[PDB]
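Okay, so the sequence shown: first residue is 105 according to the numbering used here, each after it adds one.
A virtual CB, placed ideally from N, CA and C, is assigned to each residue, including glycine.
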Amino acid sequence: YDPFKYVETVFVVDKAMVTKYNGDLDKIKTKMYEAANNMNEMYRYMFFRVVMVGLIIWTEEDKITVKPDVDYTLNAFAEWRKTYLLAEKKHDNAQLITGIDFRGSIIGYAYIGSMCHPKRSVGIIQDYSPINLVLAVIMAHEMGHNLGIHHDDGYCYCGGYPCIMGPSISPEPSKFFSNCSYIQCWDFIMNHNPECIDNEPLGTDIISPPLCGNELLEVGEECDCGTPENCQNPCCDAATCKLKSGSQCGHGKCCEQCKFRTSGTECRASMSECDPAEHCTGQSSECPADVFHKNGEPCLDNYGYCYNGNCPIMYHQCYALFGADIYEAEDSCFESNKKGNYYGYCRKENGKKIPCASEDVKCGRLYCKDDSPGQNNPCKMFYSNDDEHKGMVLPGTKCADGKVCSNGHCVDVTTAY
Ligand SMILES: *[C@@H]1O[C@H](CO)[C@@H](O[C@@H]2O[C@H](CO)[C@@H](O)[C@H](O)[C@H]2NC(C)=O)[C@H](O)[C@H]1NC(C)=O
Ligand SMILES: [Ca+2]
Ligand SMILES: [Ca+2]
Ligand SMILES: [Ca+2]
Ligand SMILES: [Ca+2]
Ligand SMILES: [Ca+2]
Ligand SMILES: [Ca+2]
Ligand SMILES: [Ca+2]
Ligand SMILES: [Cl-]
Ligand SMILES: [Zn+2]
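Here it is as structure tokens:
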């Protein structure tokens, strides 16, 4: 079990910023590298890493309309990030850093509980102070909200210091999250499972200048276990980020007791028959990159087709939602998906619930035959306005012979992928 999470962050600097600093892009980049490193230190206490995988500076033009209206600007940045940035760069989170003055007293604005969401995993931050720590606190705070953390109240504690998630910025702010923030962060991890922050980024993914002792393995380093004081890695000389004599390795899934694990030691368990396991090579400290079998390949005694390492099937989705003895419902149940009502639809289009056509009914809301003693329901579904997508048939689910669900359509498996 890897205890740490990793937020792969792209930072976007607007034209107003460029202007504010008189076109001095080196000064801007350095401020951003420092800010990201301060964030990293803040988040460490919560078993989190903040990692700069991108730095975009809008010197020619802004790619959105940056407005004092934080709602317009948060949303405009969120849209661009989803449809343009996510297509050019693999990352978990994006922050906009602006030289403009937001309307009112606001210096930071971010969606709550959004980490990993294609659109909503973004924050916007006004460059409010030349003190790098102050700016880093605002950036940490807004990413806090992405992490389903709300503002500190009551007895939330982080030493004597002012905590990062206090609703107002402190004159002399600290690097410390509160106990409430830690709890809410990991409760959000538990509850909503943001899977994009699980992976440890490659050194070649990190675009900030390598720094020995930030606990991030970067280009030019053999190991990194943090500061000499915090280092609990016997393979690693903390000060120099060099392997100690005798050490073959000091990092990775295929490193044990400073030695390469032997050939064929499992380093990534197979999550299904569509996901081949990966094993240590013997000649490297790193588990090979994750391989899946081809999407659309028949699986689970011809009950499914492969979709990204899994075999999504109706019975298992009923099982996950409702428990051991719940089976696939009869075809008739799925006719409720023609309703276009609160639960009965195939997909959404700008928030509007689109009813299923006859050929697509099995790709909307899932229905299950529930024979629970005294609470029988032949067409049991799950609906909660907390997450309207929970209980919807999963992408890649077999909906007929030779057909899978794709965007709430039952489509030919051959041309689906
Ligand atoms: C985080 O820690 C602080 C201090 O450890 C907790 O506050 C204490 O608990 C009660 C409330 O249940 C206060 O009235 C006590 O006086 C506090 N003790 C102190 C200040 O020493 C706080 O409960 C914890 N917060 C959460 C949400 O877990
Ligand atoms: Ca890409
Ligand atoms: Ca203002
Ligand atoms: Ca990631
Ligand atoms: Ca490092
Ligand atoms: Ca695999
Ligand atoms: Ca039937
Ligand atoms: Ca359902
Ligand atoms: Cl109804
Ligand atoms: Zn806030």
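For the stretch 391-469, the full-length beta strand (DSSP E) segments reaching 3 residues or more read 451-453, 456-458 along the chain. Residue 442 and residue 227 have their alpha carbons spaced roughly 37 Å apart.
Taking C-alpha positions only, residue 501 is separated from residue 449 by approximately 16 Å. Judged by their CB atoms, residue 269 and residue 139 are not nearer to each other than the 7 Å cut-off.
Annotation note: the stretch 310-343 contains no uninterrupted alpha helix (DSSP H) run of length 4 or greater. When DSSP states are grouped into helix, strand and coil, residue 384 belongs to the coil group.
Going by C-alpha positions, residue 188 is about 23 Å away from residue 303. Contact check for residue 376 against residue 414 passes: the beta carbons are separated by less than 7 Å. For residue 519, the number of other beta carbons within 10 angstroms of its own is below 16, and it is reported as exposed. Comparing alpha carbon positions, the residue from 111, 357, 346 closest to residue 383 is 357. For residue 484, the distance from the CB to the nearest heavy atom of ligand 2 is not below 6 Å.
Not one heavy atom of ligand 8 sits closer than 6 Å to the Cβ of residue 451.
From the listed residues 286, 266, 472, 420, the smallest Cα separation to residue 252 is found for 286. Classified as buried, residue 512 has 16 or more neighbouring CB atoms from the shown chains inside 10 Å of its CB.
By the neighbour-count criterion, in which 16 or more other beta carbons inside 10 Å mark a residue as buried, residue 389 falls on the buried side.
Annotation for residue 380 indicates a beta carbon within 6 Å of some heavy atom of ligand 6.
Shown here, residue 265 sits in coil according to DSSP, grouped into three states, outside any helix or strand. A Cβ-Cβ contact shorter than 7 Å links residue 354 with residue 337. Here the C-alpha atom of residue 215 lies approximately 6 Å from the C-alpha atom of residue 249. Burial of residue 224 is indicated by the presence of at least 16 other C-beta atoms within 10 angstroms of its C-beta. Straight across, the Cα-Cα distance linking residue 296 with residue 218 is about 9 Å. The beta-carbon distance between residue 362 and residue 339, rounded to whole angstroms, is 4 Å. This is short enough to meet the 8 Å contact definition. Counting other Cβ atoms within 10 Å of its Cβ, residue 469 reaches 16 or more and is therefore classed as buried.
Ordered along the chain, residues surrounding ligand 1 are 259, 260, 261, 283, 284 [Cβ under 6 Å from any heavy atom]. Using a 10 angstroms sphere on the CB of residue 434, the tally of other CB atoms stays under 16, which defines it as exposed. The C-alpha of residue 366 lies about 4 Å from the C-alpha of residue 386. Distance between residue 205 and residue 419, taken at the CA atoms: about 54 Å. At the C-beta level, residue 177 and residue 120 stay beyond 7 Å of one another. Taking C-beta separations shorter than 6 Å and ignoring five residues to either side along the sequence, the partners of residue 107 in its chain run 151, following chain order. About 15 Å separates the beta carbons of residue 457 and residue 438, which is beyond the 8 Å limit, so they are not a contact pair. In chain order, 494 place their CB closer than 7 Å to the CB of residue 488, counting only its own chain and leaving out the 5 sequence neighbours on each side. Assigned with DSSP and collapsed to three states, residue 259 falls in coil, not helix or strand.
Less than 7 Å separates the beta-carbon of residue 305 from that of residue 155. When 222, 195, 430, 325 are compared, the shortest CA-CA separation from residue 479 is found for 430. Contact between the stretch 153-168 and the stretch 116-134 is present, with at least three C-beta pairs closer than 8 Å. Between residue 350 and residue 521, the gap from beta carbon to beta carbon reaches 7 Å or more.
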